[PDB]
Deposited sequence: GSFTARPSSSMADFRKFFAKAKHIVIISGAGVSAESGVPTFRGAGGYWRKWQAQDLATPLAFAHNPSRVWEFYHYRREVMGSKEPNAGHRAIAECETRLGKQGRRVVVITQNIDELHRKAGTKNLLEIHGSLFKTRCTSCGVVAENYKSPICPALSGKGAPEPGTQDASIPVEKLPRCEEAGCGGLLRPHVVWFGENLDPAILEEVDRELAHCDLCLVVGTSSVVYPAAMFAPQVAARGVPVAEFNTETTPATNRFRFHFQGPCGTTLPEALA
């Protein structure tokens, strides 16, 4: 149990990167946090939804509005373009994202695993159907709601006027198709994650990536197998010292360099 610190040698990393046949890129929020008086993690829970579906929908309406307008940043683009370029060489890049904003998709990434769902899908709490939804606003009663300042008045929308299911004989209440804290991730998605992690020969962990479980154990699983992991993050994390490399800085700076 040597005091193992990660390398910051970019040239050594790029040596691995030139040879790698299957690169797994794990990403997080760099793309709690607070909306009004609440920690984001405390809205993103089925108990918040069961007990105040209006407050949760006002929050996800906000998130949909804010994120729906965002363009991909230099990190997303570099990751997308690295996938295309390596693709033409018979080399695999896959992104496993903890994010729900779809910005990897907007940047053109094709091999993408969204492990916590999407702002832009709903699921019906009655019949269970999942559907895409980019409609702004998602229902009329949320029009102009969702403002983030502490002190902003609650909408208090009656449940009947919240987003509703359009399937025949249904009209049930919709929720965001987002995996919430205390909910299980999709078992089929976790088995696919396992297969990518077991076969990759290089893993990057970006934006980080290391405080939401089980996703937080993904890169360390890869390193515990002896495969190199490079972490790109503005600060160090509880997992850093498990990895082969650590590149500090905003990843709109480092990632483009590392992936070039």
Missing C-alpha runs, given along the deposited sequence, first residue counted as 1: 1, 33-44
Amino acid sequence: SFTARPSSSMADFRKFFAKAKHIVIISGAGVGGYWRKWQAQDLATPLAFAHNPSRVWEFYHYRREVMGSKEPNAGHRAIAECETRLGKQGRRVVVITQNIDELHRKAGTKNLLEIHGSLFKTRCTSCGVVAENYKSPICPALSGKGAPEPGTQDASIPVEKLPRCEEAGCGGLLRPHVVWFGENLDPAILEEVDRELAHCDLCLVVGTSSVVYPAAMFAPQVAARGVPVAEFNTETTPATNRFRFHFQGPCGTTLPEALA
From here on, numbers count along this sequence of modelled residues.
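Rigid core here is just the name for the largest C-alpha set that superposes within 1.5 Å across the two forms.
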Higher-deviation stretch (C-alpha RMS, rigid core fit) in 8 other deposited structures of this protein, choosing from 33-41 and 187-195: 33-41
149-157 against 94-102 - segment lying farther from this form in 8 other deposited structures of this protein (CA RMS, rigid core fit): 149-157
Of 221-229 and 196-204, the one with larger mean CA B-factor: 221-229
Per the entry, higher mean C-alpha B factor between 182-190 and 152-160: 152-160
From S27, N52, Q41, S210, residue of greatest CA B-factor: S210
Third assignment of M67 from its chain's C-alpha B-factors: middle
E114 - Cα temperature factor, lowest/middle/highest third of chain: lowest
Record-listed C-alpha B factor of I100: chain third: lowest
Third of chain Cα B-factors occupied by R244: highest
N73 CA temperature factor, ranked by third within the chain: highest
